[PDB]
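This report concerns only the one structure given below.
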Ligand SMILES: O=C(O)c1cccc2cnccc12
């Protein structure tokens, strides 16, 4: 067969160890999910530095640690029908723990705003680097992809569907690894869900077609991400979203001539309209992806342990250096909506 | 070319969610 005895035994043992890891991680998650942390800091603990609601670089006055502080005006969450999403995003962030998920270090609220203070990821969005460099080599793309695969394996084991994968949402840290941010569309659904949400270029066909769907939309989105990282542009685009959606549902995808056969095979199995054939959605689960030829060189445990030398380290001009982030405006920071946000 | 089509789409910048 494909694997001799030694490789087969090694692979089987690795897949069993994943099961054991995920089981413990669900225990840890559910404890924090069921008893979330609240009110772990306050605004005057922080100097505001620069805008990055709003997200601001801030400096903790006593440790000098920098943070990205997401500031959300309560009354403005209400008018935009976002109470549950905001509550849920904070709840998810304070309960998860994974090396490639941004870390909520503090949260608190006051008469006007809700605050989420997470570790500052100084390297900027993958989006900027990808547009600047143009496209990533397949090894470079694969290093990032492996981190998303592991992160989705983690999230999906907690019955969390992420639903907004794109380079805009992937921050690069000082060691060159990814930090996933923005859980505003994530949802803890065991079965199916129906909400039309996400970013047009990344929507799975079953979302476009107004079907009930499941975590398989995240694996479709990984296919779009891998393609975009390796091509420099996404597999489906057009002037307007309605024309993008026609392409997505069409069941056709074209590849640059520099894509390897292995990569095209993987993408044809992720970008699979037929849910009964889509990798990540089959009997073998995530293992169809992890064991694919395109990931043959990936040491999954070394990725998880962050022992792999990253192919790219963003320029690190210092702590609190904001140069990998672009420049924005200048607003100031002023009880409203108290009942709505008790749980925050 | 496909790359040219991408530039012509006008969706090369940061993409908003629905
Ligand atoms: O959480 C975010 O959305 C976010 C946004 C813009 C910059 C960030 C830097 N470090 C962490 C998180 C950030």
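Chains as they are written, first to last, in PDB author numbering: chain A, -2 to 49, 55 to 336, 341 to 350; chain B, 5 to 22. Beta carbons: idealized from backbone N, C-alpha and C, even for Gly.
Please name the residues in the segment 156 to 180 of chain A whose beta-carbon is closer than 7 Å to at least one beta-carbon of chain B, in chain order. Against chain B - using a Cβ distance shorter than 7 Å - the residues of the segment 156 to 180 of chain A are 166, 168 and 170.
Please indicate yes or no: does the CB of residue 123/A lie closer than 6 Å to some heavy atom of ligand 1? Counting from one through the first chain, the residue named residue 123/A turns up at place 121. Because some heavy atom of ligand 1 lies under 6 Å away, the Cβ of residue 123/A counts as near it: yes.
So, does the segment 201 to 209 of chain A touch the segment 101 to 116 of chain A, judging by three or more C-beta pairs under 8 Å? When Cβ pairs closer than 8 Å are counted between the two stretches, the segment 201 to 209 of chain A is seen not to touch the segment 101 to 116 of chain A, the count staying below three.
According to DSSP, is residue 82/A helix, strand or coil? Position 80 of the first chain, counted from the first residue, corresponds to residue 82/A. Annotated three-state conformation of residue 82/A is coil, per DSSP.
Within chain A, partners of residue 8/B - CB distance below 9 Å: What you label residue 8/B is simply residue 4 of the second chain in a count that begins at 1. Those do not exist, as residue 8/B stays about 10 Å from chain A at its closest Cβ, beyond 9 Å.
Give every residue of the same chain whose Cβ lies closer than 8 Å to the Cβ of residue 310/A, excluding the five residues on either side of it in the sequence, and list them in chain order. Position 308 of the first chain, counting from 1, holds the residue named residue 310/A. Only 145, 301 and 304 meet the Cβ criterion.
Nearest to residue 138/A (by Cα), restricted to the options 223/A, 234/A and 45/A: Taking the first chain and counting its residues from 1, the one referred to as residue 138/A is at position 136. Answer by Cα proximity: 234/A.
Terminal residues of the continuous beta strand (DSSP E) containing residue 181/A? Residue mapping note: residue 181/A aligns to position 179 of the first chain, counting from 1. Element bounds for residue 181/A: 180 to 182.
Nearest-angstrom Cα distance between residue 9/A and residue 23/A? Residue 9/A sits at position 12 when you count from the first residue of the first chain. Residue 23/A sits at position 26 when you count from the first residue of the first chain. If you take the alpha carbons of residue 9/A and residue 23/A, they lie about 21 Å apart.
In whole angstroms, what is the alpha-carbon distance linking residue 179/A and residue 331/A? Translated into the one-based positions of the first chain, residue 179/A becomes position 177. Translated into the one-based positions of the first chain, residue 331/A becomes position 329. In this model, residue 179/A and residue 331/A are separated by some 29 Å (Cα to Cα).
Taking C-beta to C-beta, are residue 185/A and residue 91/A nearer than 7 Å? As a first step, residue 185/A is located in the first chain; it is residue number 183 there, counting from the start. As a first step, residue 91/A is located in the first chain; it is residue number 89 there, counting from the start. Yes, these two residues count as a Cβ contact at 7 Å.
From the DSSP output, read off the bridge partner residues of residue 118/A. Residue numbering aside, residue 118/A sits at position 116 when the first chain is read from its first letter. In DSSP, residue 118/A forms a bridge with 72/A and 109/A.
Give me the chain B residues within the contact set of residue 200/A, using Cβ-Cβ distance strictly less than 7 Å, ordered along the chain. The count along the first chain starts at 1 and reaches residue 200/A at position 198. Under the 7 Å cutoff, chain B gives 21 and 22.
Which residues share a DSSP beta bridge with residue 56/A? The residue given as residue 56/A occupies position 54 in the first chain. Within the DSSP bridge table, the entry for residue 56/A names 73/A as partners.
Kindly indicate which residue of 33/A, 45/A and 231/A has the alpha-carbon position closest to the one of residue 133/A. As a position in the first chain, residue 133/A is number 131, starting the count at 1. Of the candidates 33/A, 45/A and 231/A, the one whose C-alpha sits nearest the C-alpha of residue 133/A is 231/A.
Nearest to residue 225/A by CA position, among 197/A, 167/A and 189/A, is which residue? Taking the first residue of the first chain as position 1, residue 225/A is located at position 223. Comparing C-alpha distances from residue 225/A to each of 197/A, 167/A and 189/A shows the shortest one belongs to 167/A.
So residue 209/A is in the alpha helix (DSSP H); what residue range does that whole segment cover? Residue numbering aside, residue 209/A sits at position 207 when the first chain is read from its first letter. Run containing residue 209/A: 207 to 210, per the alpha helix (DSSP H) assignment.
Pair within 7 Å by beta-carbon distance, residue 115/A and residue 75/A: Position 113 of the first chain holds residue 115/A. Position 73 of the first chain holds residue 75/A. For residue 115/A and residue 75/A, yes; Cβs fall inside 7 Å.
Measure the C-alpha to C-alpha separation of residue 262/A and residue 296/A and round it to an integer number of angstroms. In the first chain, counting from the first residue as 1, residue 262/A sits at position 260. In the first chain, counting from the first residue as 1, residue 296/A sits at position 294. Looking at the two C-alpha atoms, the distance is approximately 9 Å.
Closer than 7 Å, CB to CB, is residue 44/A near chain B or not? Here residue 44/A refers to the residue found at position 47 when the first chain is read from its first residue. False, the Cβ-Cβ gap to chain B never drops below 7 Å.
With a threshold of 7 Å between beta carbons, is residue 235/A in contact with chain B? Counting from 1 along the first chain, the entry for residue 235/A is found at position 233. Interface residue, yes.
Neighbouring residues, chain B, relative to residue 206/A (Cβ below 8 Å): The residue you call residue 206/A lines up with position 204 of the first chain. Ordered by position in chain B, no residue passes the 8 Å Cβ test against residue 206/A, which lies about 13 Å from the chain.
Look at the Cβ atom of residue 104/A, then the Cβ atom of residue 120/A, and state whether they are nearer than 7 Å. For the purposes of this step, residue 104/A is taken as residue 102 along the first chain, with counting starting at 1. For the purposes of this step, residue 120/A is taken as residue 118 along the first chain, with counting starting at 1. Less than 7 Å divides the Cβ of residue 104/A from the Cβ of residue 120/A.
Less than 7 Å between the beta carbons of residue 216/A and residue 194/A, yes or no? Position 214 of the first chain, counted from the first residue, corresponds to residue 216/A. Position 192 of the first chain, counted from the first residue, corresponds to residue 194/A. Their beta carbons are under 7 Å apart, which means residue 216/A touches residue 194/A by this criterion.
Straight-line gap, residue 38/A to residue 59/A (C-alpha atoms, nearest Å): Walking along the first chain from the start, residue 38/A turns up at place 41. Walking along the first chain from the start, residue 59/A turns up at place 57. Going from the Cα of residue 38/A to the Cα of residue 59/A covers about 16 Å.
Tell me which same chain residues have a C-beta within less than 8 Å of the C-beta of residue 126/A, skipping the five on either side of it? Start at 1 with the first residue of the first chain, and residue 126/A comes out as number 124. Within the same chain, 173, 174, 316, 326 and 327 come within 8 Å of residue 126/A by CB-CB distance, once the 5 residues on both sides are set aside.
At the level of alpha carbons, what is the spacing between residue 189/A and residue 129/A? Here residue 189/A corresponds to residue number 187 of the first chain, with the count starting at 1. Here residue 129/A corresponds to residue number 127 of the first chain, with the count starting at 1. C-alpha of residue 189/A to C-alpha of residue 129/A: approximately 24 Å in a straight line.
Residue 1/B versus 321/A, 122/A and 204/A, residue with shortest Cα-Cα distance: Residue numbering for chain B in the displayed model covers 5 to 22; residue 1/B lies beyond these limits and cannot be assessed.
Closest to residue 278/A by CA distance: which of 255/A, 312/A and 222/A is it? Residue mapping note: residue 278/A aligns to position 276 of the first chain, counting from 1. 222/A is the residue among 255/A, 312/A and 222/A whose C-alpha sits nearest the C-alpha of residue 278/A.
Is it right to say residue 124/A is buried, meaning 16 or more other beta carbons lie within 10 angstroms of its own, or is it exposed? For the purposes of this step, residue 124/A is taken as the residue at position 122 of the first chain. It is buried - the Cβ of residue 124/A has at least 16 other Cβ atoms within 10 Å.
Give me the chain B residues within the contact set of residue 241/A, using Cβ-Cβ distance strictly less than 7 Å, ordered along the chain. Within the first chain, numbered from 1, the residue matching residue 241/A stands at position 239. Proximity of chain B to residue 241/A at the Cβ level (cut-off 7 Å) is accounted for by 13 and 14, in chain order.
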